[PDB]
Amino acid sequence: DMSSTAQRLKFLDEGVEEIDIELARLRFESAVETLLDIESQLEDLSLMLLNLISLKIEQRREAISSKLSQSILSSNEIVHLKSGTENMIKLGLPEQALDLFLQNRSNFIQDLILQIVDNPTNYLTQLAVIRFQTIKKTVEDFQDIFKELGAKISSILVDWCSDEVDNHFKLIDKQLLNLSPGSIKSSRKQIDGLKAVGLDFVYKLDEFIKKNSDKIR
């Protein structure tokens with residue numbers, strides 16, 4: 001025969017399978033929204049059938065992450081990166097979303113830098129723009145997306161920011177293997193402007209200068 005809960009349960013089983021069609025046609029929002037409903041719902045009813053549907057949810061839950069991750073990792077325009085990052089968040093994976101999202105910004109940076117040493121200062125300057133321009137923008141987008149996310153997630157942001165700055169200097173270190181005072185004002189400025197999105201990394205510039213004094217003249 002048929003009971004009341006077994007009724008509800010069978011629909012949850014329908015719901016689960018729908019998530020495959022939704023992920024199919026690229027509706028990541030719908031995917032997450034249904035998934036969380038089938039789980040907030042699945043929480044109240046808590047058996048054979050339950051544990052059985054519960055397992056199908058983990059399955060799809062996983063599947064959604066894989067997609068979002070892969071998706072985030074390859075967005076061109078912000079709009080893609082934007083939502084993907086959010087849905088990855090709504091799913092309840094804010095750190096993994098931030099973590100992946102920043103890697104995307106990182107790669108954007110690698111790839112652009114490859115796409116160019118013609119002449120010493122034309123290199124160093126173009127290099128700074130690229131870097132600090134994506135560091136600033138990534139902080140401004142991190143603001144309109146990871147808002148109210150917490151102190152930790154927000155410290156992580158800053159860490160990647162620290163390393164990116166570091167990278168740039170590691171890129172000059174190679175270059176100092178065969179600097180100029182017309183490169184300093186450029187970089188400095190490029191670094192002071194970071195303060196506009198709350199970042200003070202003037203110190204890294206200064207330190208790097210202290211140890212390469214002999215090679216700046």
# chains A, B, ... in the order shown; residues from 1 in each chain; ligands from 1

call {"tool": "select_by_dssp", "arguments": {"residues": "segment 14-92 of chain A", "states": "alpha helix (DSSP H)", "output": "ChimeraX atom specification"}}
result
/A:14-24,28-44,48-73,78-90

call {"tool": "residues_around", "arguments": {"residues": "residue 24 of chain A", "least_positions_apart": "6", "cutoff": "12 Å", "atoms": "only C-alpha atoms", "output": "ChimeraX atom specification"}}
result
/A:17-18,30-31,60,63-64,67

call {"tool": "write_last_selection", "arguments": {"atoms": "N, CA, C and O atoms", "output": "PDB file, in the first residue's frame"}}
result
ATOM      1  N   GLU A  17      16.737  13.250  -8.930  1.00  0.00           N
ATOM      2  CA  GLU A  17      16.953  12.980 -10.347  1.00  0.00           C
ATOM      3  C   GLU A  17      16.781  14.224 -11.203  1.00  0.00           C
ATOM      4  O   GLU A  17      17.455  14.364 -12.221  1.00  0.00           O
ATOM      5  N   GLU A  18      15.871  15.118 -10.824  1.00  0.00           N
ATOM      6  CA  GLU A  18      15.726  16.358 -11.593  1.00  0.00           C
ATOM      7  C   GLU A  18      17.048  17.169 -11.582  1.00  0.00           C
ATOM      8  O   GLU A  18      17.395  17.838 -12.562  1.00  0.00           O
ATOM      9  N   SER A  30      19.348  26.660  -9.983  1.00  0.00           N
ATOM     10  CA  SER A  30      18.245  25.739  -9.746  1.00  0.00           C
ATOM     11  C   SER A  30      18.772  24.501  -9.026  1.00  0.00           C
ATOM     12  O   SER A  30      18.163  24.010  -8.059  1.00  0.00           O
ATOM     13  N   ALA A  31      19.905  24.002  -9.530  1.00  0.00           N
ATOM     14  CA  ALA A  31      20.570  22.824  -8.988  1.00  0.00           C
ATOM     15  C   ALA A  31      20.725  22.981  -7.496  1.00  0.00           C
ATOM     16  O   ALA A  31      20.179  22.188  -6.744  1.00  0.00           O
ATOM     17  N   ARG A  60      24.456  13.742  -5.807  1.00  0.00           N
ATOM     18  CA  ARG A  60      24.216  14.956  -6.572  1.00  0.00           C
ATOM     19  C   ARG A  60      24.913  16.159  -5.967  1.00  0.00           C
ATOM     20  O   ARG A  60      25.488  16.979  -6.692  1.00  0.00           O
ATOM     21  N   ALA A  63      28.306  16.066  -7.266  1.00  0.00           N
ATOM     22  CA  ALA A  63      28.253  16.400  -8.685  1.00  0.00           C
ATOM     23  C   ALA A  63      28.179  17.889  -8.951  1.00  0.00           C
ATOM     24  O   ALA A  63      28.853  18.387  -9.850  1.00  0.00           O
ATOM     25  N   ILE A  64      27.350  18.591  -8.173  1.00  0.00           N
ATOM     26  CA  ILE A  64      27.182  20.041  -8.306  1.00  0.00           C
ATOM     27  C   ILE A  64      28.492  20.780  -8.047  1.00  0.00           C
ATOM     28  O   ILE A  64      28.831  21.692  -8.809  1.00  0.00           O
ATOM     29  N   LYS A  67      31.064  20.464 -10.856  1.00  0.00           N
ATOM     30  CA  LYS A  67      30.660  21.410 -11.918  1.00  0.00           C
ATOM     31  C   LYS A  67      31.069  22.862 -11.622  1.00  0.00           C
ATOM     32  O   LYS A  67      31.837  23.493 -12.398  1.00  0.00           O
TER      33      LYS A  67
END

call {"tool": "residues_around", "arguments": {"residues": "segment 181-192 of chain A", "least_positions_apart": "6", "cutoff": "10 Å", "atoms": "only C-alpha atoms", "output": "PyMOL selection string"}}
result
chain A and resi 120-129+131-133+136+165+168+199-206+209+215-217

call {"tool": "atom_distance", "arguments": {"atom1": "atom CA of residue 160 of chain A", "atom2": "atom CA of residue 139 of chain A"}}
result
10.4 Å

call {"tool": "residues_around", "arguments": {"residues": "residue 164 of chain A", "least_positions_apart": "6", "cutoff": "10 Å", "atoms": "only C-alpha atoms", "output": "JSON, numbers by chain"}}
result
{"A": [106, 109, 131, 132, 134, 135, 158, 170]}

call {"tool": "write_last_selection", "arguments": {"atoms": "N, CA and C atoms", "output": "PDB file, in the first residue's frame"}}
result
ATOM      1  N   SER A 106      44.494  34.361 -10.323  1.00  0.00           N
ATOM      2  CA  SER A 106      45.922  34.073 -10.442  1.00  0.00           C
ATOM      3  C   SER A 106      46.230  33.721 -11.904  1.00  0.00           C
ATOM      4  N   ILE A 109      46.297  36.206 -14.414  1.00  0.00           N
ATOM      5  CA  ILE A 109      47.533  36.946 -14.299  1.00  0.00           C
ATOM      6  C   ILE A 109      48.682  36.233 -14.997  1.00  0.00           C
ATOM      7  N   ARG A 131      49.493  42.815 -12.904  1.00  0.00           N
ATOM      8  CA  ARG A 131      49.386  42.357 -11.521  1.00  0.00           C
ATOM      9  C   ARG A 131      48.414  43.176 -10.663  1.00  0.00           C
ATOM     10  N   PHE A 132      48.898  44.290 -10.131  1.00  0.00           N
ATOM     11  CA  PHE A 132      48.125  45.177  -9.253  1.00  0.00           C
ATOM     12  C   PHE A 132      46.723  45.576  -9.752  1.00  0.00           C
ATOM     13  N   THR A 134      44.778  43.477 -11.339  1.00  0.00           N
ATOM     14  CA  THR A 134      43.920  42.320 -11.120  1.00  0.00           C
ATOM     15  C   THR A 134      43.809  42.115  -9.624  1.00  0.00           C
ATOM     16  N   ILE A 135      44.822  42.557  -8.884  1.00  0.00           N
ATOM     17  CA  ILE A 135      44.774  42.441  -7.430  1.00  0.00           C
ATOM     18  C   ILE A 135      43.693  43.389  -6.893  1.00  0.00           C
ATOM     19  N   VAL A 158      43.337  38.459   1.641  1.00  0.00           N
ATOM     20  CA  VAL A 158      44.565  39.214   1.865  1.00  0.00           C
ATOM     21  C   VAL A 158      45.835  38.392   1.702  1.00  0.00           C
ATOM     22  N   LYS A 170      59.427  38.734  -7.369  1.00  0.00           N
ATOM     23  CA  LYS A 170      60.180  37.543  -7.753  1.00  0.00           C
ATOM     24  C   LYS A 170      60.426  37.612  -9.259  1.00  0.00           C
TER      25      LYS A 170
END

call {"tool": "closest_residue", "arguments": {"among": "A:23, A:91, A:45, A:157", "to": "residue 140 of chain A", "atoms": "only C-alpha atoms"}}
result
A:157

call {"tool": "residues_around", "arguments": {"residues": "segment 146-151 of chain A", "least_positions_apart": "4", "cutoff": "12 Å", "atoms": "only C-alpha atoms", "output": "PyMOL selection string"}}
result
chain A and resi 82-83+85-90+92-95+97-99+101-102+138-142+155-158

call {"tool": "write_last_selection", "arguments": {"atoms": "N, CA, C and O atoms", "output": "CSV table (one decimal), in the first residue's frame"}}
result
chain,number,residue,atom,x,y,z
A,82,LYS,N,31.4,35.4,-11.2
A,82,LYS,CA,30.5,35.9,-10.2
A,82,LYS,C,29.5,34.9,-9.6
A,82,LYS,O,29.6,34.5,-8.5
A,83,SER,N,28.5,34.5,-10.4
A,83,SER,CA,27.5,33.5,-10.0
A,83,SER,C,28.1,32.2,-9.6
A,83,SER,O,27.8,31.7,-8.5
A,85,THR,N,30.8,31.4,-8.4
A,85,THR,CA,31.3,31.6,-7.1
A,85,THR,C,30.2,31.6,-6.0
A,85,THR,O,30.4,31.0,-4.9
A,86,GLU,N,29.2,32.3,-6.3
A,86,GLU,CA,28.0,32.4,-5.4
A,86,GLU,C,27.3,31.0,-5.2
A,86,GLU,O,27.2,30.6,-4.1
A,87,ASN,N,27.0,30.4,-6.3
A,87,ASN,CA,26.3,29.1,-6.2
A,87,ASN,C,27.2,28.1,-5.4
A,87,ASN,O,26.7,27.2,-4.7
A,88,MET,N,28.5,28.2,-5.6
A,88,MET,CA,29.4,27.4,-4.9
A,88,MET,C,29.3,27.7,-3.4
A,88,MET,O,29.4,26.9,-2.6
A,89,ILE,N,29.0,29.0,-3.2
A,89,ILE,CA,28.9,29.5,-1.8
A,89,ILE,C,27.5,29.0,-1.2
A,89,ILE,O,27.5,28.4,-0.2
A,90,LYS,N,26.4,29.4,-1.9
A,90,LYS,CA,25.1,29.0,-1.4
A,90,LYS,C,25.0,27.5,-1.1
A,90,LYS,O,24.4,27.1,-0.1
A,92,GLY,N,27.2,26.2,0.3
A,92,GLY,CA,27.9,26.1,1.6
A,92,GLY,C,29.3,25.8,1.5
A,92,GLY,O,29.8,25.0,2.4
A,93,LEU,N,30.0,26.2,0.5
A,93,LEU,CA,31.4,25.9,0.3
A,93,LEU,C,32.1,27.3,0.0
A,93,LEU,O,32.7,27.4,-1.1
A,94,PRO,N,32.0,28.2,0.9
A,94,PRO,CA,32.6,29.6,0.7
A,94,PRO,C,34.1,29.6,0.6
A,94,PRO,O,34.6,30.4,-0.2
A,95,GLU,N,34.8,28.8,1.4
A,95,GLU,CA,36.2,28.8,1.4
A,95,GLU,C,36.7,28.2,0.0
A,95,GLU,O,37.6,28.8,-0.6
A,97,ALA,N,35.0,28.1,-2.7
A,97,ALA,CA,34.7,29.0,-3.7
A,97,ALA,C,35.7,30.2,-3.8
A,97,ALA,O,36.1,30.6,-4.9
A,98,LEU,N,36.1,30.8,-2.6
A,98,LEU,CA,37.0,31.8,-2.5
A,98,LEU,C,38.4,31.3,-3.1
A,98,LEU,O,39.0,31.8,-4.0
A,99,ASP,N,38.8,30.1,-2.5
A,99,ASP,CA,40.0,29.4,-2.9
A,99,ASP,C,40.1,29.2,-4.4
A,99,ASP,O,41.1,29.6,-5.0
A,101,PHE,N,38.2,30.7,-6.8
A,101,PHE,CA,38.0,32.0,-7.4
A,101,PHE,C,39.3,32.8,-7.5
A,101,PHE,O,39.5,33.5,-8.5
A,102,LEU,N,40.1,32.7,-6.5
A,102,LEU,CA,41.4,33.5,-6.5
A,102,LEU,C,42.3,32.8,-7.4
A,102,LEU,O,43.1,33.5,-8.1
A,138,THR,N,40.1,42.2,-8.2
A,138,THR,CA,39.7,40.9,-7.5
A,138,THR,C,39.3,41.2,-6.0
A,138,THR,O,38.5,40.4,-5.4
A,139,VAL,N,39.8,42.3,-5.4
A,139,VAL,CA,39.4,42.7,-4.1
A,139,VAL,C,38.0,43.4,-4.2
A,139,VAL,O,37.2,43.2,-3.3
A,140,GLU,N,37.8,44.2,-5.2
A,140,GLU,CA,36.6,44.9,-5.4
A,140,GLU,C,35.4,44.0,-5.7
A,140,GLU,O,34.2,44.3,-5.4
A,141,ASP,N,35.7,42.9,-6.4
A,141,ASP,CA,34.7,41.9,-6.7
A,141,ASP,C,34.5,41.0,-5.5
A,141,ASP,O,33.4,40.4,-5.3
A,142,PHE,N,35.6,40.8,-4.7
A,142,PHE,CA,35.5,40.0,-3.5
A,142,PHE,C,34.6,40.7,-2.5
A,142,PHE,O,34.1,40.1,-1.6
A,155,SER,N,40.6,37.1,5.6
A,155,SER,CA,42.1,37.1,5.8
A,155,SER,C,42.7,36.4,4.7
A,155,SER,O,43.8,36.7,4.2
A,156,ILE,N,42.0,35.3,4.2
A,156,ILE,CA,42.6,34.4,3.1
A,156,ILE,C,42.7,35.3,1.9
A,156,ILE,O,43.8,35.2,1.2
A,157,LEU,N,41.7,36.1,1.6
A,157,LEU,CA,41.8,37.0,0.5
A,157,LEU,C,43.1,37.7,0.5
A,157,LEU,O,43.9,37.7,-0.4
A,158,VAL,N,43.3,38.5,1.6
A,158,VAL,CA,44.6,39.2,1.9
A,158,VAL,C,45.8,38.4,1.7
A,158,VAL,O,46.8,38.9,1.3

call {"tool": "residues_around", "arguments": {"residues": "residue 43 of chain A", "least_positions_apart": "3", "cutoff": "12 Å", "atoms": "only C-alpha atoms", "output": "ChimeraX atom specification"}}
result
/A:9,12,36-40,46-47,50-51,53-54,57

call {"tool": "closest_residue", "arguments": {"among": "A:152, A:137, A:211, A:105", "to": "residue 194 of chain A", "atoms": "only C-alpha atoms"}}
result
A:137

call {"tool": "closest_residue", "arguments": {"among": "A:26, A:65, A:117, A:55", "to": "residue 80 of chain A", "atoms": "only C-alpha atoms"}}
result
A:26

call {"tool": "closest_residue", "arguments": {"among": "A:145, A:52, A:42, A:68", "to": "residue 28 of chain A", "atoms": "only C-alpha atoms"}}
result
A:68

call {"tool": "closest_residue", "arguments": {"among": "A:163, A:49, A:20, A:213", "to": "residue 8 of chain A", "atoms": "only C-alpha atoms"}}
result
A:49

call {"tool": "closest_residue", "arguments": {"among": "A:41, A:3, A:69, A:103", "to": "residue 161 of chain A", "atoms": "only C-alpha atoms"}}
result
A:103
